[PDB]
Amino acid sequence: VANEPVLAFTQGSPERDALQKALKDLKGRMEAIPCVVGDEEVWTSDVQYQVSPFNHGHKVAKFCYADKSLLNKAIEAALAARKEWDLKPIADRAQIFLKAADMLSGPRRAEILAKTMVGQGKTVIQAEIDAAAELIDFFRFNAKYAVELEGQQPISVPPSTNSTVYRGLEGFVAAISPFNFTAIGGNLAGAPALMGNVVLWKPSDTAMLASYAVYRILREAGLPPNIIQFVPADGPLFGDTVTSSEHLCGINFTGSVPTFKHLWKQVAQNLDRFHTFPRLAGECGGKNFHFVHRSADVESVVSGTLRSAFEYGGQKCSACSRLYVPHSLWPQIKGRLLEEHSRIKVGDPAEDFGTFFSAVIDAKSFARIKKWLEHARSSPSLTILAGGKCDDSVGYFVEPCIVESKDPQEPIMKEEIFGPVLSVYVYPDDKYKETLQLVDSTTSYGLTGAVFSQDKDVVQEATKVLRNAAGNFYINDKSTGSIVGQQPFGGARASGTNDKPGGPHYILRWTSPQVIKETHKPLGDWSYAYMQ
């Protein structure tokens, strides 16, 4: 298996024509997305709408929230399907995901990209690397890893034969996916299902349109009923309900630190009722760095930092939000960042393929980011160098913002904003070693980080100092854009449990192996020779 090729979308290309046609097919249209339990389309009275972030007057989907009753019905029906699905050979379960991957690659590529663009506000290329490439790669690579895992078998010595059976977990898994990557929903529900689990999938409200498209592709690729239940819901009620079920065996979560910790506390509070110990997997965010040494390639620093900080509006757990620059290069880097900043286009990504990034996802995010832009004006240690405006009249539009902090410990250097807000700290060149320690100590997070240096001694030094500051560490590249099979993704500290989805070990969280020993000769006496 190889990584899915990323298409260029050149003027006149078939993929660009297909994508423009799929975008035109969504304009002025709304889909009614039901909850799905088995093959039943279920509607509750608690109706919700998804809107286009860059045109929030456009309702792109109507959906509804599952309540406690419907969620418990979905649990019961999933559990009643699990034994059969777990006994289905892994090669057969894998084939469904490989067929879904082929559909996303070819005939459904334009649709899944367009729904991710219109529903989540992604540009062409951000939709392509997510909803096509990453999702396709998770499905094909996890399928490869799961079939290869069957070959990891114990030793046999006469008179016995040993084997390992890679059972799914007994119970159901709750998959809770974020707004910002179509692919992550596919993986959070898909990887456990591949390993013989049954799943209640609560997709993100602001990603409904594309998340349901992923669900329908999996069902059309042959996923049986009751293996993944499609159950949008209020976050607290979903959490309360799954953590109250005696049958919970896992939570596969991506999102905020506090929500993950809350779910962990709810499981522990109910620990005496579960039939087994639930497995919690959480990817929980970052306050990621780009650290520049005075020997750096300045144009690589500028391009890589502008992409890491501002693509998809900085709405990535991997996005650079703290830049460390030596005094000697600062005038040059500042000049270049301010030059390029003025050439960044923010607008409608469906209508204008010149757009670098579009609106942030929703009103709540827009209000949080606006509070940070107010903080950057109201704080004595902060100076806005570029941007600072926002406008919610049409979409949730925030200009890319570059903020200089005179204080390396300022809250803007520590708290995850999840918006297009880059904080810069200028350090004395002769204090680069002290500044590496500041990079390591300043925040609670451990997710991504980059060092830009042509000086290999500084790279070797920075690599050692920052060993636990970043689970995905980059040398002379940007902190975003991990590729399945190339950079397995995750980190520790407050960033989560670090199960490295995108690598071969992630699937091991979703199997509880059994070992069988068969003895081929009679056993003989209970006593031992030495006892006689």
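In case it trips you up, residue 1 is the first one in the sequence shown, and so on.
Q: Check whether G57 has no coordinates in at least a third of the other compared PDB entries of this protein, counting only entries that model residues on both sides of it.
A: In all of the other entries, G57 has coordinates.
Q: Among the other PDB entries compared that flank it on both sides, is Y474 unmodelled in a third or more?
A: No, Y474 has coordinates in all the other entries compared.
Q: Of the two stretches 459-467 and 65-73, which shows the higher Cα B-factor on average in the entry?
A: The entry gives the higher C-alpha B-factor average to 459-467.
Q: As stated in the PDB record, which stretch has the larger average Cα B-factor, 413-421 or 136-144?
A: So the stretch with the higher mean C-alpha B-factor is 413-421.
Q: Between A281, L194, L209, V426, let me know which has the highest C-alpha B-factor in the entry?
A: In this record, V426 carries the highest C-alpha B-factor of the candidates.
Q: Highest CA temperature factor in the entry: which of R167, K371, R108, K83?
A: Comparing C-alpha B-factors across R167, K371, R108, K83, the top value belongs to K371.
Q: Ranked by Cα temperature factor within the chain, is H58 in the lowest third, the middle third or the highest third?
A: Highest third of the chain for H58's C-alpha B-factor.
Q: Taking the chain's C-alpha temperature factors as the reference, tell me which third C35 falls into: lowest, middle or highest.
A: Its C-alpha B-factor belongs to the lowest third of this chain's values.
Q: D430's Cα B-factor: lowest, middle or highest third of the chain?
A: For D430, whose C-alpha B-factor we compare with every modelled residue in the chain, the answer is the highest third.
Q: C-alpha B factor of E340, ranked within the chain: lowest, middle or highest third?
A: Highest third, going by the recorded CA B-factors of the chain.
Q: Among all modelled residues of this chain, ranked by Cα B factor, put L306 in the bottom, middle or top third, i.e. lowest, middle or highest.
A: Tercile = middle for this residue's CA B-factor.
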